[PDB]
Amino acid sequence: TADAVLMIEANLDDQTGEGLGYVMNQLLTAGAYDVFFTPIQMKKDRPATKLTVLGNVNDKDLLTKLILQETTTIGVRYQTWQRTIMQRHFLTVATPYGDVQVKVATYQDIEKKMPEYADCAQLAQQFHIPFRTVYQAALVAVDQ
Amino acid sequence: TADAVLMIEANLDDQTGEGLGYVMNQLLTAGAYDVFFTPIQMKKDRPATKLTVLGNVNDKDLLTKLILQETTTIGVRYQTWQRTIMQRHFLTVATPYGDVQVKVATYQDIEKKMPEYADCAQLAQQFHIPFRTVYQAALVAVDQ
Amino acid sequence: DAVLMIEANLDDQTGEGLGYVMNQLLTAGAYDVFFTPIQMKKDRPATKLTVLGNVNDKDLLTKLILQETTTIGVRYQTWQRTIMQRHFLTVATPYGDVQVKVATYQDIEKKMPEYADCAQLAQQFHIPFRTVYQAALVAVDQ
Amino acid sequence: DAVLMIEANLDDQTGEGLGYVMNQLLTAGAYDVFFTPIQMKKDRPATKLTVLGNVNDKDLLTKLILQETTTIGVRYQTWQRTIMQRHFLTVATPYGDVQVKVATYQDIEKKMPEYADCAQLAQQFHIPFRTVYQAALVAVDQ
Amino acid sequence: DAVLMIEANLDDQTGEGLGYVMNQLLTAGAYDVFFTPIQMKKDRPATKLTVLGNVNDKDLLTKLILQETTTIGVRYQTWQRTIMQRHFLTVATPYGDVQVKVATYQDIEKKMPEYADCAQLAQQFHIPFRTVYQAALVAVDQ
Amino acid sequence: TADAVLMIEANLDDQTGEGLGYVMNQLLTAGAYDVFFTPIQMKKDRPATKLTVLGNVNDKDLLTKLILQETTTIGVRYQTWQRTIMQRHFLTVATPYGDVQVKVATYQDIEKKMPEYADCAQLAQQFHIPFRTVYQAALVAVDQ
Ligand SMILES: Nc1ccn([C@@H]2O[C@H](COP(=O)(O)OP(=O)(O)OP(=O)(O)O)[C@@H](O)[C@H]2O)c(=O)n1
Ligand SMILES: Nc1ccn([C@@H]2O[C@H](COP(=O)(O)OP(=O)(O)OP(=O)(O)O)[C@@H](O)[C@H]2O)c(=O)n1
Ligand SMILES: Nc1ccn([C@@H]2O[C@H](COP(=O)(O)OP(=O)(O)OP(=O)(O)O)[C@@H](O)[C@H]2O)c(=O)n1
Ligand SMILES: Nc1ccn([C@@H]2O[C@H](COP(=O)(O)OP(=O)(O)OP(=O)(O)O)[C@@H](O)[C@H]2O)c(=O)n1
Ligand SMILES: Nc1ccn([C@@H]2O[C@H](COP(=O)(O)OP(=O)(O)OP(=O)(O)O)[C@@H](O)[C@H]2O)c(=O)n1
Ligand SMILES: Nc1ccn([C@@H]2O[C@H](COP(=O)(O)OP(=O)(O)OP(=O)(O)O)[C@@H](O)[C@H]2O)c(=O)n1
Ligand SMILES: [Cl-]
Ligand SMILES: [Cl-]
Ligand SMILES: [Cl-]
Ligand SMILES: [Cl-]
Ligand SMILES: [Cl-]
Ligand SMILES: [Cl-]
Ligand SMILES: [Cl-]
Ligand SMILES: [Mn+2]
Ligand SMILES: [Mn+2]
Ligand SMILES: [Mn+2]
Ligand SMILES: [Mn+2]
Ligand SMILES: [Mn+2]
Ligand SMILES: [Mn+2]
Ligand SMILES: [Mn+2]
Ligand SMILES: [Mn+2]
Ligand SMILES: [Mn+2]
Ligand SMILES: [Mn+2]
Ligand SMILES: [Mn+2]
Ligand SMILES: [Mn+2]
Ligand SMILES: [Mn+2]
Ligand SMILES: [Mn+2]
Ligand SMILES: [Mn+2]
Ligand SMILES: [Mn+2]
Ligand SMILES: [Mn+2]
Ligand SMILES: [Mn+2]
């Protein structure tokens with residue numbers, strides 16, 4: 001239920017968006033819990049991007065080294081956050097378009113059920129149905 | 001003068017803006033010092049929102065539970081910040097349009113005086129005057 | 001039916017003032033008002049204000065912007081639009097009736113439960129907004 | 001050659017859904033698709049969707065937006081454009097050939113190594129993307 | 001008096017380069033230049049560049065953009081504008097004279113103390129910018 | 001290689017962009033390692049700016065006091081981040097347009113070389129060449 005997460009950041013005013021899209025995908029294949037970009041505004045009228053990576057506290061060296069190798073930054077800053085995470089498991093749910101996996105999260109008496117995006121998007125593509133139509137059909141089916 | 005503040009964050013790529021506007025207002029009625037949204041850019045070409053909540057360090061359970069109940073997130077991250085806060089009190093200031101409350105903040109020999117928005121906005125609405133006209137009239141009156 | 005778009009960049013106004021003008025503009029009958037974060041000269045974080053409205057409301061919306069913001073001028077233009085046909089359905093849920101906007105286009109049909117109904121009933125019955133939103137989707141499903 | 005721009009503001013759709021529609025629109029032949037973060041009424045963080053495309057693809061791109069997003073209508077307009085002349089050069093590097101887009105305008109000449117080639121070879125040879133990008137610049141220099 | 005707007009999306013240029021082009025464009029006589037953060041294909045954080053200027057400066061501003069940025073083309077259009085009447089007042093403060101822009105529209109009258117004067121005197125007299133700005137408002141009040 | 005950095009933040013919904021551009025430059029002349037702005041979305045439909053300042057851990061009082069004097073904020077929050085920084089030195093590199101300084105950063109066996117912006121921008125201005133043309137000429141020359 002309770003763990004910790006490492007957050008690593010770096011500001012980039014000297015790298016292309018092309019290069020940043022590449023490193024986002026390098027970081028996820030490296031096992032980062034999450035990667036995101038925040039538009040920031042830096043000195044000398046430069047539009048810039050802040051890179052944030054969340055990962056296991058023990059992955060400090062891995063993620064740091066990846067960032068210094070693949071981005072233009074000279075340094076990284078990092079710090080540990082505490083976390084509260086719900087318990088999670090999966091249910092196979094039958095819908096009008098086929099089976100969809102649904103993540104079931106519980107925390108004390110809080111409970112929510114989230115259809116898997118990739119499952120819904122594949123079925124929307126296959127059957128030429130809007131993604132939102134399939135996702136909602138999965139939500140109805142979850143209501144069971 | 002010196003205290004600490006708890007910061008709680010969560011990234012949301014699976015929730016509507018409608019839902020986020022609702023939770024912002026749920027969080028403030030719950031006693032959060034501040035709530036804000038930051039546009040971020042997440043994996044799989046998803047535009048997302050980071051939710052940040054500042055509050056009392058002792059409100060960890062309250063604010064965490066509210067977020068997990070009202071948002072789609074599976075976990076939250078949180079951490080404690082130190083703070084330096086000016087001393088604050090209120091003055092009733094008479095202006096050409098009626099009384100306006102002004103927050104007077106002092107820190108060592110730093111001092112600034114901030115007219116209350118709601119007081120100025122009500123009077124601008126009532127008398128059909130631009131908000132900035134009333135706010136500046138309150139700033140002049142503060143100069144006393 | 002065409003729409004008027006009015007824009008103005010603001011680097012010399014507080015956020016407090018901008019929240020005020022959004023609500024003045026909405027009560028004046030603007031179709032929509034939104035802010036876009038921009039970055040302007042001399043290292044200024046700024047905001048672009050966009051107002052969408054009826055073309056015949058050009059003078060009203062212009063006047064409010066020039067009165068309530070710091071901008072010296074506004075720029076405007078008309079956009080053509082394509083709008084789906086729209087009607088509303090009221091659906092019964094365990095929490096009361098919820099109106100659902102039903103939009104159609106050619107062979108498109110989609111359903112957006114009304115925000116005001118889901119939020120009102122969510123507060124009233126002390127349940128998450130998503131709980132009421134989903135019950136309206138279930139109710140629609142029959 | 002003119003370009004069509006289509007816009008729609010979305011405060012009632014998930015990011016997951018928006019990533020899906022960007023890829024539907026790109027596979028439909030849109031020139032470009034991008035998102036702009038906006039701030040809408042009632043404290044809603046929102047996204048503006050912009051689609052750039054061929055003017056003759058107006059009905060296709062409109063239909064996809066109204067089918068796959070939550071918007072009730074779209075607004076559109078045509079922009080004039082000025083486009084540089086463009087050709088491609090293949091340059092030999094220690095990692096293989098890399099195509100380079102060469103754009104010219106009057107007396108302007110500039111070189112952008114092709115992203116797909118630099119990324120493919122960077123993964124293949126386990127070197128940073130910038131390492132391959134720079135080697136293509138060196139290769140261009142002779 | 002109408003205004004020209006030129007746009008271009010950039011996912012393949014550094015921020016360093018973009019700060020350079022903003023200052024080239026301003027010295028070339030652009031009315032305004034600003035950046036808007038956008039999100040483009042293939043998970044790229046990007047920047048939209050907007051240039052506002054005189055319609056007769058279309059070719060100059062286009063040439064600078066195609067020379068100094070990575071974009072292959074630009075899109076442009078003309079917006080109509082409504083501009084308030086404007087004049088300037090010099091007001092005496094404890095820190096020197098400060099020019100105040102006075103803008104009027106119908107029965108609107110508003111006052112924006114000039115940034116360059118408040119900033120120059122704030123540095124000169126080692127006081128906050130807001131302190132000089134407010135003293136100009138007081139000075140205006142009589 | 002390994003140090004720490006102090007991060008100070010403040011949200012501003014009651015200050016002009018003009019005022020923020022001024023304080024960014026006040027902060028850099030004060031010796032901040034970095035200053036940046038993040039657009040955020042605050043209560044009551046206010047578009048706002050978050051101010052972030054990175055600096056030496058021992059500059060807490062300096063940077064705090066500057067912010068409370070020059071911005072509208074009533075308080076600041078701050079916290080210490082750990083950092084991993086590459087070793088850095090400078091090389092004078094001869095290019096087709098004159099000498100350009102290049103920062104050479106190394107970390108274990110990671111190495112990258114970054115031409116100085118001001119050197120390239122001056123030469124682009126002087127010789128009426130695009131900045132990107134000069135910067136790339138410096139990158140080629142670095143490849144040595
Ligand atoms: N910051 C995060 C985000 C992810 N997770 C965990 O890692 C998994 C990945 O989250 P998710 O968004 O579901 O990843 P994917 O399934 O790969 O992608 P998608 O968003 O399409 O579902 C989740 O189960 C979550 O519990 C985490 O620990 N920390
Ligand atoms: N991050 C924050 C922001 C607020 N405050 C305190 O909480 C009060 C709320 O701040 P304020 O913005 O003034 O709230 P309101 O008065 O409700 O709204 P408004 O902005 O319109 O004045 C302030 O006095 C401030 O001292 C705080 O401790 N931490
Ligand atoms: N860009 C827009 C936005 C709105 N409208 C018109 O304005 C009405 C109000 O729009 P909406 O945002 O839905 O207002 P509410 O329903 O009050 O807000 P909510 O999103 O909470 O449902 C719409 O039905 C539509 O007719 C429009 O024509 N063009
Ligand atoms: N605003 C735009 C964007 C694209 N195009 C056309 O679409 C093509 C594809 O654009 P691009 O972004 O370069 O696609 P890719 O080359 O596939 O992507 P990448 O950036 O990775 O090279 C361009 O050559 C151009 O002819 C256009 O006319 N107008
Ligand atoms: N969108 C714009 C912006 C500027 N201008 C013209 O350009 C002049 C310069 O604009 P401004 O931003 O005020 O320049 P400065 O006064 O130099 O900058 P500052 O904001 O620091 O006062 C204005 O007076 C106006 O005539 C314009 O016509 N259209
Ligand atoms: N957050 C940061 C950023 C800067 N630095 C250090 O401070 C110096 C300033 O960084 P840089 O961006 O190179 O500053 P300038 O050279 O002044 O400006 P420019 O970006 O144009 O090179 C760098 O050498 C870097 O090592 C730092 O310690 N912490
Ligand atoms: Cl750092
Ligand atoms: Cl997290
Ligand atoms: Cl304008
Ligand atoms: Cl726009
Ligand atoms: Cl519209
Ligand atoms: Cl274009
Ligand atoms: Cl705070
Ligand atoms: Mn730098
Ligand atoms: Mn099955
Ligand atoms: Mn998943
Ligand atoms: Mn997810
Ligand atoms: Mn009284
Ligand atoms: Mn207050
Ligand atoms: Mn100005
Ligand atoms: Mn509605
Ligand atoms: Mn009740
Ligand atoms: Mn709506
Ligand atoms: Mn290409
Ligand atoms: Mn391999
Ligand atoms: Mn491209
Ligand atoms: Mn001026
Ligand atoms: Mn001095
Ligand atoms: Mn406030
Ligand atoms: Mn020499
Ligand atoms: Mn430098």
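Below, chains carry the letters A, B, ... as their sequence lines are ordered, and counting in each starts from 1. Note that ligands are numbered from 1 as they come in the structure, with each ligand's atoms numbered from 1 the same way.
- Remark: the B/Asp45 side chain and the D/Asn23 side chain contain no N/O donor-acceptor pair separated by less than 3.5 Å.
- Between the side chains of A/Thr92 and A/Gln101, at least one donor N or O lies within less than 3.5 Å of an accepting N or O.
- Counting atoms of ligand 4 from 1 in the listed order, those under 4.0 Å from a heavy atom of E/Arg44 are 19 (P), 20 (O), 21 (O).
- Not a single heavy atom of D/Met5 sits less than 4.0 Å from an atom of ligand 4.
- Using a 3.5 Å distance cut-off with no hydrogens or angles, the side chains of E/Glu7 and E/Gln77 do not pair a donor with an acceptor.
- Near E/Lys41, meaning under 4.0 Å from one of its heavy atoms, ligand 4 places the atoms 14 (O), 17 (O), 18 (O).
- Among the heteroatoms counted here (N, O or S) of A/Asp99, OD2 is the one nearest to the Mn ion (ligand 15).
- Taking a 4.0 Å cut-off on heavy atoms, D/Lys101 registers as neighbouring ligand 4.
- For A/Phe131 and A/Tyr117, the gap between ring centers is short of 6.0 Å.
- Near D/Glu114, with a cut-off below 4.0 Å to any heavy atom, the atoms of ligand 4 are 16 (O), 22 (O).
- Between D/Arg81 and ligand 4, a contact under 3.5 Å exists for at least one N or O pair.
- Ligand-side atoms of ligand 4 in range of D/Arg86: 24 (O), 25 (C), 26 (O), range being under 4.0 angstrom from any heavy atom.
- Scanning both residues, D/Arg75 and D/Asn9, for their nearest heavy atoms gives NH2-OD1, 2.9 Å.
- To the nearest 0.5 Å, atom CG of residue A/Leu139 and atom OG1 of residue A/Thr95 are 11.0 Å apart.
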